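Undergrad: This is the structure I want to talk about, given as structure tokens.
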Amino acid sequence: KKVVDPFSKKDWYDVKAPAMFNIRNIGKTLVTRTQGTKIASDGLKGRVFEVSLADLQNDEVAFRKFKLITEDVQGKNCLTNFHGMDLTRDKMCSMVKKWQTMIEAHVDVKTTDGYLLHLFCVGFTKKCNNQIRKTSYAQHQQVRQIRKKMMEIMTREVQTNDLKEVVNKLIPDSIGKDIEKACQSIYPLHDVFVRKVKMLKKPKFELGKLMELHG
Amino acid sequence: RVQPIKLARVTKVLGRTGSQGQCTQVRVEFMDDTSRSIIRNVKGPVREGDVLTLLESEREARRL
Amino acid sequence: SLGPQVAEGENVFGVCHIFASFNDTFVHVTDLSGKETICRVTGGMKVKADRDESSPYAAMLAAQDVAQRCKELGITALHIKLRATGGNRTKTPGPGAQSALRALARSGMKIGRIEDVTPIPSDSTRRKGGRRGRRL
Amino acid sequence: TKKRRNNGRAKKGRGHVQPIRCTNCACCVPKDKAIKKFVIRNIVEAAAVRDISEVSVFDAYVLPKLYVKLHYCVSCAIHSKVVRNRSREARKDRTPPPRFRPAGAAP
RNA sequence: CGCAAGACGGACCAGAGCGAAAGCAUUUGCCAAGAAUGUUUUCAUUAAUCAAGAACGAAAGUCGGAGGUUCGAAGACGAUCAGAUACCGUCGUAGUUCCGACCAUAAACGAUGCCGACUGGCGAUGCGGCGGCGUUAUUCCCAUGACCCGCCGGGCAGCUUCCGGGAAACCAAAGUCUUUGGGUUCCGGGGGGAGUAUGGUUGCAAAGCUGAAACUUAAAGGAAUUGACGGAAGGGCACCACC
RNA sequence: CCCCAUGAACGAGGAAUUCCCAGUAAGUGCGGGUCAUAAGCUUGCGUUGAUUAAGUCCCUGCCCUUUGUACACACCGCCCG
């Protein structure tokens, strides 16, 4: 029986990104008018938006995505925090080519602020120009030592430094380059990225750091 | 979403499709602006220089 | 109706989300969080015949009925996640998925990024119905 | 009388390999046997990009791809002319080919 | 958006690897094991291949639990058909998965015993060793490392060849077979009756091994060649075809 | 055959299906064959004269390669309880 079309009731908030990113005005989102029987901030607070790092930086960051999760609300403002980085589908699919070895290593590590992260890396062998084998695999010995190197760096590079510096780090892709330096002594490698980061455990609350990062 | 009507002039007659062989391929100079040029399928008998009246004006077919 | 804000420049943003399978085509904008909907409509509802559930023309009609209320409630713009049946299912796009995208862009909403989100599985759960294949 | 010296498709040094499921019959065929065709295509397609480029914000952007590696069992890949009977002689040619790389102005 | 269960290890992944074969792709650790190579180490004939005996042995099935996510041998359903107990849709079973026992069979095909020698060209690739006043990657030079080129073993193979083989298809082994003789082991003697009867044996069971006859019958069969013909693929041609 | 009278169905044809590209389709009369008599026929001929593909292999039919075949009295063939 005709009733309550719902937008004509809904309220708007402006999604705000952390400081390390560049521009910070992500877009807008709608919730229901708060009623005592309700907390529009409730239906608002653990929401996560996934935005492209390119929109976030402005660029070459076509591939790469960041998951931004709403951590608190202040009048039409909602302050989000790092929740993850993935790659998309197209980019990842495009690296994976036959005749080359695909190498993956991932490590789970606690940051300086508590956060527990599982953080993945990836690489592919490279034929080097005057090669004339068509393929370019690596040996099992190689990959085992390469993986150890990737893993050592990723734990080394996340142990020291908080969620923010990992972020500050993943933007100019300094890990990538560091891997490249530690591995060329062992075997070629084309590509190379920390390709995903997964938030496993969150520390408790603290608006302090959140605001430090926003505001 | 949409409406307009488009005049287009035959540049080059491609060949014939339809398994029956009754639709003629055509290339069209876009009449109102020459800096356009597209492939359209025809019902009738068509010869160079005469004009189509395109509804769809994107689309651009092929076989069928 | 309504609008997040006057914005003679940037556009209020939502998520487009199209599932194209064969035998239908879902179009779907939601709030960039996802938790809250906004105007759905499928390629089914706008034709009758079951056989024609999934045809691009129906798909157009659906993206048109959708874009309407999209620009009628507040979304000025939308980022799209196209999908297939996925799972062990086919893994290829259904026919009126393209048609829906052409219909909304043409409609005159705004576009932003794209990824595919069909669920591809580090394979298993045996695919349906048996070893000798659908024979037909 | 034995037809292909390769029998089905290349094994030689095994006796076994896991089987895949046809992407059409949902059949079942060893992975050594089975026609495989990669499939990379733009999210948008032919006509769209122009409305897709105009309607979008962003200054260019610049289109994702969907990537899908297909598998067919023999009967499907024949049926649908993925592959086509080749004379007693032509069968021997593993190679591959066409003349331009059909990407817009092909058949 | 989170979470639980059970399943499975995609893309990367190959005429590529290993393993006696059956078979075997997530990480990491432990445990022993296996080949190749290198090797102016050790023994001095230790050795080749095998009745009997024995180890392993995909799948289904069977015994008892765990478990059943997924899919599903049976059944019940909806369609289709002249008939449909089917294919096709749906619901869905034992079962799939896992543990401890059975069972001993698969076009378990490379349909090709195993071991040794000899007879022919080229380029790949896994791997080991060896050589280069060759490339690129670094520091102050390095030790590195990955490559290019060559050489040699032993892998799985490929390619081209009037050696030669074969009925041919084919085959560098199916060669070195009437000019018939390197070692050893196994099975077959027209086709059906038949892996059947019967006794023995193994099995909880389902079944497995060994394995006849009476009678039946003049071809069974192989290979190549050619049409005819196809609801196989590219083909055409004609208003006795369409448009 | 005529003359009168009696003055039917049929008011556009389902499933199907023939034939046809230029003096062609179609309307329209004539002459020849049969013939004693007998044209609704066949068999030409002129007259009046369009619509419409201008091609293609979809269906159909037949020949063209390649391919499969337990067929070869050749698919109208060779089959199970």
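Please treat every number below as a calculation from the coordinates, not as lab data. All Cβ positions, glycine included, derive from the backbone under ideal geometry; neighbour counts span all protein chains shown.
Undergrad: When you scan chain B for strands (runs of 3 or more DSSP E) that lie fully inside it, which ones turn up with 3 or more residues that are out of contact with any helix residue (DSSP H, G or I) (no Cβ under 8 Å at 6 or more places or on another chain) and on the phi > 0 side of the Ramachandran plot?
TA: By residue number, no strands (runs of 3 or more DSSP E) qualify.
Undergrad: Kindly provide the set of residues from segment C:61-78 that are surrounded by fewer than 23 Cβ atoms within 10 Å (Cβ to Cβ) and away from chain A (no Cβ under 14 Å), ordered by number.
TA: Selection gives C:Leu61, C:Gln64, C:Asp65.
Undergrad: Anything in segment A:87-102 that is hydrophobic (A, V, I, L, M, F, W, C) and either farther than 12 Å from A:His190 by Cβ or within 6 Å of RNA strand E (Cβ to nearest atom) (or both)? List them, or say none.
TA: A:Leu87, A:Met92, A:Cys93, A:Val96, A:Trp99, A:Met102
Undergrad: Report, ordered by the first and then the second residue, all pairs with beta carbons closer than 7 Å, sequence separation of six or more or different chains, a first member in segment C:79-107 that is facing chain D (nearest Cβ under 7 Å) and touching a residue at least 40 places away in the same chain (Cβ under 8 Å), and a second member that is of a type in the set (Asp, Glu) and outside any loop (DSSP other than H, G, I, E, B).
TA: Partner pairs satisfying both residue conditions: C:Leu82/C:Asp116; C:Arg102/D:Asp51.
Undergrad: Test of understanding: among D:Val68, D:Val29, D:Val74, which residue is under 26 Å from C:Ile120 (Cβ atoms) and within 16 Å of RNA strand F (Cβ to nearest atom)?
TA: Sole residue among the options that is under 26 Å from C:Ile120 (Cβ atoms) and within 16 Å of RNA strand F (Cβ to nearest atom): D:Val74.
Undergrad: Then there is this: Report whether or not C:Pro121 is of a type outside the set (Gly, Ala, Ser), surrounded by fewer than 18 Cβ atoms within 10 Å (Cβ to Cβ) and in a loop (DSSP other than H, G, I, E, B).
TA: Criteria met by C:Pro121.
Undergrad: Could you tell me whether C:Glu53 is over 29 Å from A:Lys67 (Cβ atoms), within 11 Å of chain A (Cβ to nearest Cβ) and either buried (at least 22 other Cβ atoms within 10 Å of the Cβ) or not β-branched (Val, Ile, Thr) (or both)?
TA: no
Undergrad: So, of the residues in segment A:124-147 that are among the β-branched types (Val, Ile, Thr) and in a loop (DSSP other than H, G, I, E, B), which turns out to be nearest to RNA strand E (Cβ to nearest atom)?
TA: Among residues in segment A:124-147 that are among the β-branched types (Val, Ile, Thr) and in a loop (DSSP other than H, G, I, E, B), the one nearest to RNA strand E (Cβ to nearest atom) is A:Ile132.
Undergrad: For A:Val107, all conditions in the list (1) touching a residue at least 60 places away in the same chain (Cβ under 8 Å); (2) touching a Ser or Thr at 6+ places or on another chain (Cβ under 9 Å); (3) under 30 Å from A:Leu189 (Cβ atoms) hold save one; what is the number of the exception?
TA: (1)
Undergrad: Could you figure out which of (1) more than 14 Å from chain A (Cβ to nearest Cβ); (2) touching a helix residue (DSSP H, G or I) at 6+ places or on another chain (Cβ under 6 Å); (3) more than 16 Å from RNA strand E (Cβ to nearest atom) isn't true of D:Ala47?
TA: If we test D:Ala47 against (1) more than 14 Å from chain A (Cβ to nearest Cβ); (2) touching a helix residue (DSSP H, G or I) at 6+ places or on another chain (Cβ under 6 Å); (3) more than 16 Å from RNA strand E (Cβ to nearest atom), just (2) comes out false.
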